[PDB]
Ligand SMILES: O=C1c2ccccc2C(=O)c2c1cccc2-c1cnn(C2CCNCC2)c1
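Listed next as structure tokens is one chain, alone, in the form solved without the named molecule.
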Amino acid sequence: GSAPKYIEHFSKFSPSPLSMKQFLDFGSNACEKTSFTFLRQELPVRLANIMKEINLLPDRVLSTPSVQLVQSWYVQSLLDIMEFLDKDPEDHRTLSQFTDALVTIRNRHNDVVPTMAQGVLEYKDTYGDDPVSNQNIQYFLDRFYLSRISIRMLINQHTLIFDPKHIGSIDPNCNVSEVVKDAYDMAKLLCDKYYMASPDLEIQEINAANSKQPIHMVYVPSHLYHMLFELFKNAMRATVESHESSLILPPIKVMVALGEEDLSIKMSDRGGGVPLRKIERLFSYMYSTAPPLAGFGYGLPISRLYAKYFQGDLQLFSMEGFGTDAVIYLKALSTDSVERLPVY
């Protein structure tokens, strides 16, 4: 077949990062034809760029069942999208069977994450868990997952618009605190269920420019929830477990600061912290892979990719003996929120 040729062709192109503006302008609808003509080019670009990177992996990794699996998915998905390169954007069936095609692709790729996890696992027992294996896994998975996040963003934007207020997965009016409370309510629910004690939540807002206004932004709230949800899980585990032979359960304090470009979200706990040495391993896919509420692999690094994805970040610093702070940094301004795609 043609796969390695297509890979070859489209991996000469560079994925085109979009900004929230451009994202918003894509269904504000009837320029679905325009989403179609765009996506039939750009998915193959993006699919191919990562596919080529998968190929640069040494044979001992690439030859493993897990990788060969997801690689087979990427090939089929690229083929699936190929069928439409000739097709004409004015035939309303051309269009609606592209949607199906995108939907089907998105389901095909669902289990990528625990699949790669299995490859890491096999690799760990099969070749060792040395620092250098670890930089390498990290390097590849941070890019891959990031790649994949951006592919999904594209598919979801398309399928959700072409079945106001919300534009696909973008809320142009996301109330950050609203999303915080939700993630907290849900983490508490699970925290209550497994621990039978859950810390309270305290939120403070700091709108620097407008003392009064509630903090709203343009974002992808499911993205934000995911990140918050994961940080809640962790801060809850730590809070509860560090205090089981003690009466008070200190609340989890979250602050939302809106600056001139940063919108920053800090989740501070009193869980007794982590010493500085063990902080880098928390983001390591490898060290957080192994054969409840947490101990539950990948949430941190993936949450951090989520933040990186529109030029944000996610950092942890801890005080051993006291607790951990966790900061999600996001762009305040739609203008500054541009996709961040792995290089190639």
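So that there is no doubt, residue numbering starts at 1 and follows the sequence shown.
There is another form of this protein, the form solved in complex with the named molecule, and it is not shown here; the text below is about that form.
Visitor: How about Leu18: is it within 4.5 Å of the named molecule in the entry with it bound, going by heavy atoms?
Guide: The answer is yes: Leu18 has a heavy atom within 4.5 Å of the named molecule.
Visitor: Could you tell me if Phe23 has a non-hydrogen atom within 4.5 Å of the named molecule in the entry with it bound?
Guide: Flag for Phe23 set to yes.
Visitor: Using 4.5 Å between non-hydrogen atoms, is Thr34 touching the named molecule in the entry with it bound?
Guide: The answer is yes: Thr34 has a heavy atom within 4.5 Å of the named molecule.
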